[PDB]
Amino acid sequence: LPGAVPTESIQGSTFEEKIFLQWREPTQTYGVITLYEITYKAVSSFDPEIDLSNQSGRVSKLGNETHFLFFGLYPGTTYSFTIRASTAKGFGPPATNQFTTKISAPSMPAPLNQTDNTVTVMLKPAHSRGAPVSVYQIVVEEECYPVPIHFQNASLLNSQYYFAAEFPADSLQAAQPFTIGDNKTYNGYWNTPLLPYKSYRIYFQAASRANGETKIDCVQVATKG
Ligand SMILES: *[C@@H]1O[C@H](CO[C@@H]2O[C@@H](C)[C@@H](O)[C@@H](O)[C@@H]2O)[C@@H](O[C@@H]2O[C@H](CO)[C@@H](O[C@@H]3O[C@H](CO)[C@@H](O)[C@H](O)[C@@H]3O)[C@H](O)[C@H]2NC(C)=O)[C@H](O)[C@H]1NC(C)=O
């Protein structure tokens, strides 16, 4: 039977939904390696809403080239990989290492009463894809947005947009109406009344922080003339 794959030769370059797995051949080989068998298994995730009990599988990589690309993984998730080499007589001992996929931006959902100074929209919660949703943001743009800007500074900084509101994701845990321009302050952002002679498009934005990376996505929810 062939030997073990060296554990520290196993190296992975990770993406949101892929891991490129790479190793070296067994230290001693009896015969010729016909295939490698890799077991994969999710060990943990930063995503608060995920089922790990079925995030498992097995691949038989034919040939003896010492790499394989794993598609269909879940973001923000640590997968354990166990590799066995097979000679025509059978499998050698297992080697194991583990790697973590990157987090992706939360899943964005796909007007109610427009007045001279305001617009109200039905906000729908975004869903975690590798990390919780941390904050939602509402962006007002004059005719995504990683740089937050408060209305009071938007003219001096000469920005076409401002952040009208920001909420922690424990607010908006079910669908709720929200009024652009209600003059209230949300997380230090002033939901300034819209100007009745200006035209605006309004965006709903969501962010995930975990593992030191931050990922954001956004969707347009309304226009006002
Ligand atoms: C890793 O795999 C390579 C490629 O071989 C091919 O894939 C394997 C998974 C098996 O299915 C092989 O049957 C298949 O051909 C192996 O390279 C091959 O090594 C053998 C033995 O050294 C070579 O056979 C000899 O080749 C010389 C000419 O170079 C002839 O004169 C001999 O009569 C004899 O046929 C074979 O040619 C070679 N194949 C290629 C394409 O170079 C490699 O040995 C293997 N290594 C391990 C550790 O498994």
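We number chain A the same way Swiss-Prot does; the residues here are 481-590, 596-628, 642-723, in that order.
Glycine residues also receive a Cβ, built from the backbone N, Cα and C atoms like all the rest.
Features reported for this protein in Swiss-Prot:
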DOMAIN    482-587  domain 'Fibronectin type-III 3'
CARBOHYD  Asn534  N-linked glycosylation site
CARBOHYD  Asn544  N-linked glycosylation site
CARBOHYD  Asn598  N-linked glycosylation site
CARBOHYD  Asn651  N-linked glycosylation site
CARBOHYD  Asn681  N-linked glycosylation site
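Taking H, G and I as helix, E and B as strand and the rest as coil, DSSP gives the domain 'Fibronectin type-III 3' (482-587) the counts 3 helix, 52 strand, 51 coil. Ligand 1 lies under 6 Å from the Cβ of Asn544, out of the glycosylation sites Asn534, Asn544, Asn598, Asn651, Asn681. Considering only the glycosylation sites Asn534, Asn598, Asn651, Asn681, the residue whose Cα is spatially closest to the Cα of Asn544 (N-linked glycosylation site) is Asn534. The least crowded of the glycosylation sites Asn544, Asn651, judged by other CB atoms within 10 A of its own CB, is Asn651. For the gap of 13 residues left open between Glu628 and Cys642, the distance from one Cα atom to the other is 15 Å. Sorted by the number of other CB atoms within 10 A, the glycosylation sites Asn534, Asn598, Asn681 start with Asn534, the lowest.
In the three-state DSSP reading, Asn681 (N-linked glycosylation site) counts as coil. Checking each of the glycosylation sites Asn598, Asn651, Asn681 against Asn534 (N-linked glycosylation site) by C-alpha distance, the shortest gap belongs to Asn598.
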